[PDB]
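J.:
2 protein chains.
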Amino acid sequence: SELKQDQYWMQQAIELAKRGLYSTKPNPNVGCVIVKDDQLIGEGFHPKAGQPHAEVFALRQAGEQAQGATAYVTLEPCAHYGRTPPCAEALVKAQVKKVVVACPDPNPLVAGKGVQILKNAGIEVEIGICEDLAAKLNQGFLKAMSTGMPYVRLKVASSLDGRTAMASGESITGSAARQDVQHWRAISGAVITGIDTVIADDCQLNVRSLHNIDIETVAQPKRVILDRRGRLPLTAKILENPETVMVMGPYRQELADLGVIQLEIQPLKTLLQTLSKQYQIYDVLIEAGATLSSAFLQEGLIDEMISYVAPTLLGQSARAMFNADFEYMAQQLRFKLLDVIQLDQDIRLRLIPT
Amino acid sequence: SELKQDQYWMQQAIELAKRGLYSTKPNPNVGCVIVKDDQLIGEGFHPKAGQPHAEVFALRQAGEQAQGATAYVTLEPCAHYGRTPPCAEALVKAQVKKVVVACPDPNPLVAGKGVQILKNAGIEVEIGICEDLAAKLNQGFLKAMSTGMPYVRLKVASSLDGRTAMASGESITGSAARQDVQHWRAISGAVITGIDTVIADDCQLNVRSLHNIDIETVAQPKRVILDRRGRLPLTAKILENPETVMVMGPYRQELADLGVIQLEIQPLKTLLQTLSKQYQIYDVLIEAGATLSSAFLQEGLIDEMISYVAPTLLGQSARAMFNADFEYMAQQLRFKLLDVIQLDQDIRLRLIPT
Ligand SMILES: Nc1nc2c(ncn2[C@@H]2O[C@@H](COP(=O)(O)O)[C@@H](O)[C@H]2O)c(=O)[nH]1
Ligand SMILES: Nc1nc2c(ncn2[C@@H]2O[C@@H](COP(=O)(O)O)[C@@H](O)[C@H]2O)c(=O)[nH]1
Ligand SMILES: Nc1nc2c(ncn2[C@@H]2O[C@H](COP(=O)(O)O)[C@@H](O)[C@H]2O)c(=O)[nH]1
Ligand SMILES: Nc1nc2c(ncn2[C@@H]2O[C@H](COP(=O)(O)O)[C@@H](O)[C@H]2O)c(=O)[nH]1
Ligand SMILES: O=C([O-])C(=O)[O-]
Ligand SMILES: O=C([O-])C(=O)[O-]
Ligand SMILES: O=C([O-])C(=O)[O-]
Ligand SMILES: O=C([O-])C(=O)[O-]
Ligand SMILES: C[As](C)(=O)[O-]
Ligand SMILES: C[As](C)(=O)[O-]
Ligand SMILES: [Cl-]
Ligand SMILES: [Cl-]
Ligand SMILES: [Zn+2]
Ligand SMILES: [Zn+2]
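Chains as they are written, first to last, in the working numbering: chain A, 747 to 1100; chain B, 747 to 1100.
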């Protein structure tokens, strides 16, 4: 089947795209393979902002044999000049016979323009092959470019009885869960937390450990601290790397002098739009306490909740994970369960609102 | 390997034992295969109290060819007369060459006596083959016979935030979890609940639905209701089948006239010992509210907790699953996680105290 061969090669391209997962932000993960007479002649992936696009690497490998070949690309070749020349033009120049595209461009202001340039040159273009699987490569980018809002993941860690701490915030989950969290942080443009967490935990919320990846190649998440009374202590550990920190609160000259980006107090929905529009942050991880976590949930600002549950009971006086006060069952916040996995002694659920 | 062949056949016997899982109580699940010249000549399992033991069925099949053969039995052949003749004597009579035993007898007053009868006849006896796997056939019976206390499973159903109901007991988990609970009920000699649950839910706590098993062959759990003020309404659904009901509370002639077994108010640990010693109940399922469930937990009376968690948030005013008031993290009740599975939209954890 010609469809199944197209799917076979696009799946190779989707695999290449994953080599950049942690280093591409704000740019999309993109793979590309070039195939001729059923033979692979060029592979490429986008490693990092400012570096060449996937198609460019793949063509450099393919060389002159790219003429008459088929290019499989997980995303629509670009039609504009920025830090690099446009990919649609490179494919034309290489005189490929056919370009197969998984996802069209999510930005409505440019969508279809790359394909159009291919149509004009007489290049065969078919679109939609393994689109579902390719979309999983770019949940944040695709959402942010099509709607102006980032993809938001809420992380929570609790006991079996749904508690996050004793009455006084003494603290559940183990090292396997901690390692898993590294992955979620490393695909995020920002980790959002509240001042309460920073004061209680003195956390860094950064990426320090990943499987099969050198941490120096990681594009680190910005640490976004919601601090409405401007209480962030200057000695906080989260401030050792100040240029990757943003504080939402009353303007403090101490913070500006350190290079910390300061945001005016704004509604959570507006905050998310700001991060996407002004700061190119398309994947957000929330790592916060009950109050801030519940605010995001109740305002309907969560795309996915990642819940770590530890095999322990903390009792009815320990801190509730979700602090809404509901009366009737009809008010419950129901989610669709995607999956559950075991992480040593903990478990992790992934959940999508309904 | 002679060990691996012994293991191969014992595993066939362990499999046969499972055919009686739901109908054997209070008797143990027991399988038996008879093998000669590497050929299976007889299989047997114990189906139900009063019926022949596994070895008897297997020998009836083996017939005269049982002479010189090897018998694999998941539990030590009995050495005493009750409702049936003793199995040790049947094997001798059949003139088997060798008897392979997984689990020795758990009752210390009779342990080794069956083996002794085999030793005396010159019959080869080796013991311990796939013991771990065979023990899983009889968690309750083996515990109760060796210690006088039943194996106790605590079932709980909660939201992700560890809640069981709204402030007023309005009620989470779905049909897949409900079906799973049927299995746990069907291996139990008793389901224990409190009056609060009976009043709120009007539950039956019986077995009505099982995979690949006719419900008429099931030996139903007794429904044990803890009712210290004697409030059980005579119109309660749990009372439609009164002879399988036990109430712990102040004596009521209304209940005796219906045939309900009445227990005097006693401590929970004493209650469990009573059920085992006086009523031959070796596997207990607790299906109760927060108060009674927490009492069992805090008194250290739980062997295993089976926790069903639904993908929903009920909020901080909904009923806590565990009502202890702890202050420090050191007071937490920690469990070892055995496994987690997905049940459609819910999950189930199995947990063992530490
Ligand atoms: N690559 C990767 N994926 C992880 C990790 N931890 C959890 N996951 C998630 O768990 C798997 C679930 O499959 P999915 O349905 O998301 O494709 C992965 O796809 C990924 O989303 C991790 O450490 N590395
Ligand atoms: N046979 C059976 N086992 C179940 C069912 N639901 C849960 N289980 C448990 O889940 C599996 C876990 O394997 P185990 O470690 O207990 O041998 C089974 O062994 C059994 O204990 C059920 O409906 N039928
Ligand atoms: N903890 C915390 N909650 C916030 C913050 N900003 C907004 N919220 C909560 O989000 C909800 C809606 O407020 P808005 O997002 O419209 O400002 C309110 O319940 C508010 O308390 C914040 O910076 N920190
Ligand atoms: N809800 C409930 N709790 C009980 C019952 N029997 C004992 N408990 C609880 O178990 C704990 C120890 O009491 P004991 O088991 O020594 O009578 C106490 O906290 C007590 O309230 C009962 O029948 N129902
Ligand atoms: O990033 C690269 O080096 C590539 O795609 O070859
Ligand atoms: O600092 C606070 O209290 C806040 O952010 O709301
Ligand atoms: O129970 C039976 O009928 C058996 O074991 O053959
Ligand atoms: O009925 C009650 O309140 C009880 O059992 O404790
Ligand atoms: C598919 As592209 C964003 O590398 O032109
Ligand atoms: C192993 As038996 C209890 O059937 O004698
Ligand atoms: Cl916080
Ligand atoms: Cl109860
Ligand atoms: Zn491009
Ligand atoms: Zn017997």
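Idealized CB from N, CA, C, for every residue including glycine.
Could you spell out the range, first to last residue, of the beta strand (DSSP E) harbouring residue 848 (chain A)?
T.: Run containing residue 848 (chain A): 844-849, per the beta strand (DSSP E) assignment.
J.: Does any CB atom of chain B fall closer than 9 Å to the CB of residue 1050 (chain A)?
T.: No - not a single Cβ of chain B is within 9 Å of the one on residue 1050 (chain A).
J.: Assign residue 933 (chain A) to one of three DSSP states: helix, strand, or coil.
T.: Coil.
J.: Name the chain A residues whose beta carbon is nearer than 8 Å to that of residue 1069 (chain B)?
T.: Within 8 Å Cβ-Cβ: 1061, 1062.
J.: Could you name the residues of chain A that residue 917 (chain B) contacts, counting a contact when the two beta carbons are closer than 9 Å?
T.: Under the 9 Å cutoff, chain A gives 1075.
J.: In chain order, what are the residues with a CB under 6 Å from some non-hydrogen atom of ligand 5?
T.: Those satisfying the condition are, in chain order, A:790, A:791, A:793, A:803.
J.: Against residue 1058 (chain A), what residues of chain B qualify as contacts under a CB-to-CB distance less than 8 Å, listed in chain order?
T.: Here the neighbours are 1078, 1079, 1080, 1081.
J.: Would you call the CB atoms of residue 905 (chain B) and residue 1078 (chain A) closer than 9 Å?
T.: A contact, by the Cβ cut-off of 9 Å.
J.: Any beta carbon of chain B sitting closer than 9 Å to that of residue 783 (chain A)?
T.: Not closer than 9 Å to any Cβ of chain B, the Cβ of residue 783 (chain A) fails to qualify, so no.
J.: Just to confirm my understanding: we take residue 815 (chain A), look at its own chain, exclude 5 residues before and 5 after, and list those with CB closer than 7 Å. What are they?
T.: So the list reads 780, 781, 782, 787, 808, 842, 843, once near-sequence residues are dropped.
J.: With a cut-off of 9 Å, does the C-beta of residue 871 (chain B) fall near any C-beta of chain A?
T.: It does not: the Cβ of residue 871 (chain B) has no partner Cβ on chain A nearer than 9 Å.
J.: Given the structure, does residue 820 (chain B) come close to ligand 14, in the sense that its CB is under 8 Å from one of the ligand's heavy atoms?
T.: No, the Cβ of residue 820 (chain B) stays beyond 8 Å of every heavy atom of ligand 14.
J.: Just to confirm my understanding: we take residue 963 (chain B), look at its own chain, exclude 5 residues before and 5 after, and list those with CB closer than 6 Å. What are they?
T.: So the list reads 769, once near-sequence residues are dropped.
J.: Which residues in chain B sit within 8 Å of residue 909 (chain A), going by Cβ to Cβ distance?
T.: Those within 8 Å of residue 909 (chain A) in chain B are 908.
J.: How long is the line joining the alpha carbons of residue 883 (chain B) and residue 877 (chain B), rounded to whole angstroms?
T.: Distance between the alpha carbons of residue 883 (chain B) and residue 877 (chain B): 10 Å.
J.: With distances taken between CB atoms, is the gap from residue 800 (chain A) to residue 762 (chain A) smaller than 9 Å?
T.: Yes, they are a contact pair.
J.: For the stretch 926-947 of chain B, list every residue whose C-beta sits within 7 Å of some C-beta in chain A, in sequence order.
T.: Listed in sequence order: no entries.
J.: Going by the beta-carbon positions, is the gap between residue 971 (chain B) and residue 994 (chain B) smaller than 9 Å?
T.: Yes.
J.: With distance defined between alpha-carbon atoms, name the residue in A:923, A:1008, A:941 nearest to residue 1088 (chain A).
T.: The candidate whose alpha carbon is nearest that of residue 1088 (chain A) is A:923.
J.: Return yes when the C-beta of residue 776 (chain B) is under 8 Å from any heavy atom of ligand 10, and no when it is not.
T.: Yes, ligand 10 has a heavy atom inside 8 Å of this Cβ.
J.: With burial defined as no fewer than 16 other Cβ atoms inside 10 Å of the residue's Cβ, what is the status of residue 888 (chain A): buried or exposed?
T.: Buried, since its Cβ has 16 or more Cβ neighbours within 10 Å.
J.: Does the distance between the C-beta of residue 1115 (chain A) and the nearest non-hydrogen atom of ligand 2 fall short of 8 Å?
T.: Because chain A spans 747 through 1100 in this model, residue 1115 (chain A) falls outside it and cannot be assessed.
J.: Check whether the Cβ atoms of residue 818 (chain A) and residue 927 (chain A) sit closer than 9 Å, and answer yes or no.
T.: No, the pair does not count as a contact, with Cβ atoms beyond the cut-off.
J.: Taking the beta carbon of residue 1052 (chain A) as the centre, do at least 16 other beta carbons fall within 10 Å, making it buried, or is it exposed?
T.: Result: buried.
J.: Use the C-beta contact count for residue 958 (chain A): other C-beta atoms within 10 angstroms, 16 or more gives buried, fewer gives exposed.
T.: With fewer than 16 Cβ atoms within 10 Å of its Cβ, residue 958 (chain A) is classed as exposed.
J.: State yes or no: is the C-beta of residue 972 (chain A) nearer than 8 Å to some heavy atom of ligand 11?
T.: The answer is yes for residue 972 (chain A).
J.: Can you tell me whether residue 751 (chain B) is buried or exposed, with buried defined as 16 or more other CB within 10 angstroms of its CB?
T.: Its Cβ having fewer than 16 others within 10 Å, residue 751 (chain B) is exposed.
J.: In the stretch 885-899 of chain A, which residues sit with their C-beta less than 7 Å from some C-beta in chain B, listed in chain order?
T.: The stretch 885-899 of chain A vs chain B, Cβ under 7 Å: nothing.
J.: Over the uninterrupted alpha helix (DSSP H) stretch that includes residue 817 (chain B), give me the two end residues.
T.: Here residue 817 (chain B) belongs to no alpha helix (DSSP H); instead the beta strand (DSSP E) covers 816-821.
J.: Measuring straight from C-alpha to C-alpha, what distance separates residue 980 (chain A) and residue 886 (chain A)?
T.: Distance between the alpha carbons of residue 980 (chain A) and residue 886 (chain A) is about 32 Å.
J.: Residue 972 (chain B) bridges to which residues according to DSSP?
T.: Note: residue 972 (chain B) sits in a beta bridge opposite B:940, B:994.
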